[PDB]
Amino acid sequence: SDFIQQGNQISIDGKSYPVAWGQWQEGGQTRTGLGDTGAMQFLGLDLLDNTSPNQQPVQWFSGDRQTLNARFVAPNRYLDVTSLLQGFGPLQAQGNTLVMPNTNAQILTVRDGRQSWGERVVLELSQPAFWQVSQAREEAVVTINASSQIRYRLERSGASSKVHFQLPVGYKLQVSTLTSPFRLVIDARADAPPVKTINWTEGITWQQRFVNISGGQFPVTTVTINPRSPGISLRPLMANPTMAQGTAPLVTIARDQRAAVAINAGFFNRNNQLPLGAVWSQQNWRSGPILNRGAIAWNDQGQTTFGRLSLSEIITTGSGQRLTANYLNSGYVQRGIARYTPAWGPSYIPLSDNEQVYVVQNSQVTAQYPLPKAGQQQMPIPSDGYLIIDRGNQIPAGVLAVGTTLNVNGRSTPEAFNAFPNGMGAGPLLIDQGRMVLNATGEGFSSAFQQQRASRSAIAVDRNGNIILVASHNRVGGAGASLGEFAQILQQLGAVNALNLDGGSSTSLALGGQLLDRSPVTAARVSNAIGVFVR
Numbered sequence: 047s048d049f050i051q052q053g054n055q056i057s058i059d060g061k062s063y064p065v066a067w068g069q070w071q072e073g074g075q076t077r078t079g080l081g082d083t084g085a086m087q088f089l090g091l092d093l094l095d096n097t098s099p100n101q102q103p104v105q106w107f108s109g110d111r112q113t114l115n116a117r118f119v120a121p122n123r124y125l126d127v128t129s130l131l132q133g134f135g136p137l138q139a140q141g142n143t144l145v146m147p148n149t150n151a152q153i154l155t156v157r158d159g160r161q162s163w164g165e166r167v168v169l170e171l172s173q174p175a176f177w178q179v180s181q182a183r184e185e186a187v188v189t190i191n192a193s194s224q225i226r227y228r229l230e231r232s233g234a235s236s237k238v239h240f241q242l243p244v245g246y247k248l249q250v251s252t253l254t255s256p257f258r259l260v261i262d263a264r265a266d267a268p269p270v271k272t273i274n275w276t277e278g279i280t281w282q283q284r285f286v287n288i289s290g291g292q293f294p295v296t297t298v299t300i301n302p303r304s305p306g307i308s309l310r311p312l313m314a315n316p317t318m319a320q321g322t323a324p325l326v327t328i329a330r331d332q333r334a335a336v337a338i339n340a341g342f343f344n345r346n347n348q349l350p351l352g353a354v355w356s357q358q359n360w361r362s363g364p365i366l367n368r369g370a371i372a373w374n375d376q377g378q379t380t381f382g383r384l385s386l387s388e389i390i391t392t393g394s395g396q397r398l399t400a401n402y403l404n405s406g407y408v409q410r411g412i413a414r415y416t417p418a419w420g421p422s423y424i425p426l427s428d429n430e431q432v433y434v435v436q437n438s439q440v441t442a443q444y445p446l447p448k449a450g451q452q453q454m455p456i457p458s459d460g461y462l463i464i465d466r467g468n469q470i471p472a473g474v475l476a477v478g479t480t481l482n483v484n485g486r487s488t489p490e491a492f493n494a495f496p497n498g499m500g501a502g503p504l505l506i507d508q509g510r511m512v513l514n515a516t517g518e519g520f521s522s523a524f525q526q527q528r529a530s531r532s533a534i535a536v537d538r539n540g541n542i543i544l545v546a547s548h549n550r551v552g553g554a555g556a557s558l559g560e561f562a563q564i565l566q567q568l569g570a571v572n573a574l575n576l577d578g579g580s581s582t583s584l585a586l587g588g589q590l591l592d593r594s595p596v597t598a599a600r601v602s603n604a605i606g607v608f609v610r
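Read left to right, the sequence shown gives residues 47 to 194, 224 to 610 (the authors' numbering).
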């Protein structure tokens with residue numbers, strides 16, 4: 047009931063882009079709002095530091111800043127762009143797609159020059175123009191809806236133009252606008268993007284900062300969430316919303332499952348798209364913990380706990396015999412007893428050779444089969460039961476005869492984890508009660524993993540019990556953080572407890588269904604995320 051019309055696409059020069067929009071009635075007028083992070087990325091609005099979440103000062107081919115009204119309609123923060131774009135004629139929707147107006151801009155000159163921090167390219171324009179920028183490693187492109224050390228080249232695209240950049244390693248583009256005359260300014264420099272603090276909605280703040288440690292200066296993107304704010308909840312989100320197998324871009328997970336904020340989360344096997352580590356929500360285990368790895372758990376009252384999590388399930392038969400299962404709904408393969416429930420999916424395919432499967436339906440064993448190969452073949456998982464998988468003949472003969480009744484009882488360690496209905500494993504645990512506790516070897520991470528410099532993701536809590544989602548990439552003029560450096564970064568950010576999440580190309584942080592920290596083309600498909608919902 048918030049909108050008369052709404053959609054998830056805008057069209058510019060005949061091409062559609064993923065931007066949330068809505069139109070409503072206000073003072074007898076039709077107003078048009080665009081998701082803020084979407085307007086920023088696909089129109090080129092500079093979002094300036096604000097005060098109240100309902101106000102958003104912006105710069106976009108303006109001598110004076112303009113303060114746009116902002117309204118939140120889950121999962122997005124919509125900026126009222128009606129006045130901003132008034133000169134270009136009434137804004138018209140065509141179903142799910144808002145058609146952006148023709149600004150009739152032309153590129154008049156292109157000039158470049160050296161600066162202290164790199165190089166600058168200036169496009170003089172006849173009118174304001176929508177623009178976007180994408181970068182993958184040393185290749186960058188500025189797309190503008192205007193007709194026409225570093226190297227750059229213009230490509231004409233009808234009513235639009237693209238400026239293609241080949242950049243020195245470490246350099247990024249910082250793009251801004253000017254007036255008198257209208258100009259798109261493209262700066263190539265290593266110390267980017269600039270700092271920003273946006274009060275986004277009640278209980279959610281987005282920041283872009285430089286964090287200095289001994290090892291260098293790291294641009295870091297954060298979203299800080301007060302989990303005690305009314306209507307805020309967090310949920311783990313799987314690429315496939317109803318099964319364990321699958322990967323998808325984080326930004327696609329965020330959009331499709333309507334998360335206001337999301338960060339990539341758990342480790343996975345990219346070869347078979349299976350989860351490796353704990354994932355649970357509303358006491359439903361999507362994937363079990365492995366290797367006593369770092370984990371966070373929480374409830375909908377905003378309470379959290381951190382620790383190194385393990386889960387054991389005791390299976391007790393109708394005679395009283397006990398079996399211990401150490402793997403649940405996991406892509407992680409070791410000798411031992413594993414269990415697969417409907418949370419895994421409709422079927423199971425053997426992950427190792429010479430497995431034994433016991434089919435359980437309504438708490439009774441109904442069948443036993445060998446799964447000799449690979450696999451190769453496919454056991455259905457009963458909707459009213461589960462599968463017990465024996466890897467390495469750990470189950471004594473006759474214990475699970477057809478007809479045997481079973482009870483399964485699970486318990487987490489540390490004991491405190493049993494209180495929390497939602498959680499996410501990853502690792503390593505980096506900070507605990509203010510102290511540096513990194514022990515990657517203890518959590519089973521390889522030597523190679525330990526000496527790697529990479530993009531990093533984390534979830535942390537500060538002094539106030541606010542949750543911080545953190546994405547870091549390369550330091551200015553250098554590599555991504557080591558695990559120790561990342562721990563120092565998080566300590567600098569005020570983390571009292573901090574969990575390392577999956578990093579590298581997996582690192583991605585979405586707000587209002589747009590990536591904040593990197594270009595979408597550089598973000599890998601991931602298995603799962605932590606999502607923030609505002610209701």
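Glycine included, C-beta positions come from ideal geometry on N, C-alpha and C.
Cβ-based neighbour list, residue i, same chain, cut-off 6 Å, excluding 5 preceding and 5 following
i	result
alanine 265	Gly245, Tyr246, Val551 and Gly552
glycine 579	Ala529 and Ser530
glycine 306	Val609 and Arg610
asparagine 115	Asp126
residue 211	In this structure residue 211 is absent; the chain steps straight from 194 to 224.
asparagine 482	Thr391
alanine 323	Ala314 and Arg600
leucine 137	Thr78
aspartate 459	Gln436 and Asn437
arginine 117	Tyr124
For residue i, the nearest candidate out of the options (CA to CA)
i	options	result
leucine 91	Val127, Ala66, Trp70 and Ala120	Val127
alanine 418	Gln508, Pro316 and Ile288	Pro316
residue 221	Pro268, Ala314, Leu312 and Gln451	Residue 221 cannot be located in this model; the chain continues from 194 straight on to 224.
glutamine 358	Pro147, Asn497, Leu80 and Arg368	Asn497
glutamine 140	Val156, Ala182, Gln55 and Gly377	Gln55
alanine 353	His548, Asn346 and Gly363	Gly363
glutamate 230	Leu426, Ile153 and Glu165	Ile153
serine 427	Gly395, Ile464, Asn437 and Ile456	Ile464
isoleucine 542	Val65, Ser581 and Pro302	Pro302
residue 207	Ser98, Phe285, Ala323 and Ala263	No coordinates exist for residue 207; the numbering of the chain passes from 194 to 224 with nothing in between.
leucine 80	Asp95, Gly74, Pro103 and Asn122	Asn122
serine 62	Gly84, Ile50 and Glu72	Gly84
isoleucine 279	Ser98, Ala494 and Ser172	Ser98
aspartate 592	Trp281, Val238 and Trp177	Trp281
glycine 420	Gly555, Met454 and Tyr407	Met454
Nearest-angstrom beta carbon gap, residue j and residue i [assumed within contact, 8 Å]
i	j	result
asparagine 339	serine 532	6 Å
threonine 297	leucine 544	7 Å
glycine 606	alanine 372	Contact flag wrong, Cβ pair sits at about 15 Å.
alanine 263	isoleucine 225	5 Å
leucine 349	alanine 319	7 Å
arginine 466	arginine 410	5 Å
Neighbourhood of residue i by C-beta distance below 8 Å, restricted to the same chain and skipping five residues each side
i	result
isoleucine 506	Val512, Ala535, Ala562, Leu565, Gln566, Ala570, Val571, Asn572 and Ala573
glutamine 452	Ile424, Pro425 and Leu446
Under 8 Å between C-beta atoms of residue i and residue j
i	j	result
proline 503	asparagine 603	no
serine 422	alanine 413	no
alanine 370	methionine 499	yes
residue 211	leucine 386	Inspection of the chain shows residue 194 followed directly by residue 224; residue 211 is thus not represented.
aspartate 59	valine 119	no
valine 188	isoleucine 261	yes
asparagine 367	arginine 383	yes
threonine 392	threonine 299	no
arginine 77	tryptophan 67	no
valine 440	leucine 475	yes
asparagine 191	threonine 149	yes
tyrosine 227	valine 167	yes
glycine 450	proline 425	yes
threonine 516	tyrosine 461	no
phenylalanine 342	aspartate 82	no
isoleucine 328	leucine 312	yes
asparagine 484	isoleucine 365	no
Residues of its chain near residue i, where Cβ-Cβ distance is below 7 Å and the 5 sequence neighbours each way are ignored
i	result
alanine 442	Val434 and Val477
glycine 135	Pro147
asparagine 514	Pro503
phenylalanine 107	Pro174, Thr252, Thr254 and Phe257
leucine 325	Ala337, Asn339, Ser583, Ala585, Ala598, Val601 and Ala604
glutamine 181	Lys247, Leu248 and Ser594
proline 445	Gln431
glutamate 184	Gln241, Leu242 and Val244
### Task
Say whether the segment 586 to 600 touches the segment 559 to 571, bearing in mind that this needs 3 or more beta-carbon pairs closer than 8 Å, one atom from each stretch.
no
### Task
Evaluate contact between the segment 122 to 138 and the segment 152 to 172, counting only Cβ atoms and requiring at least three cross-stretch pairs below 8 Å.
no
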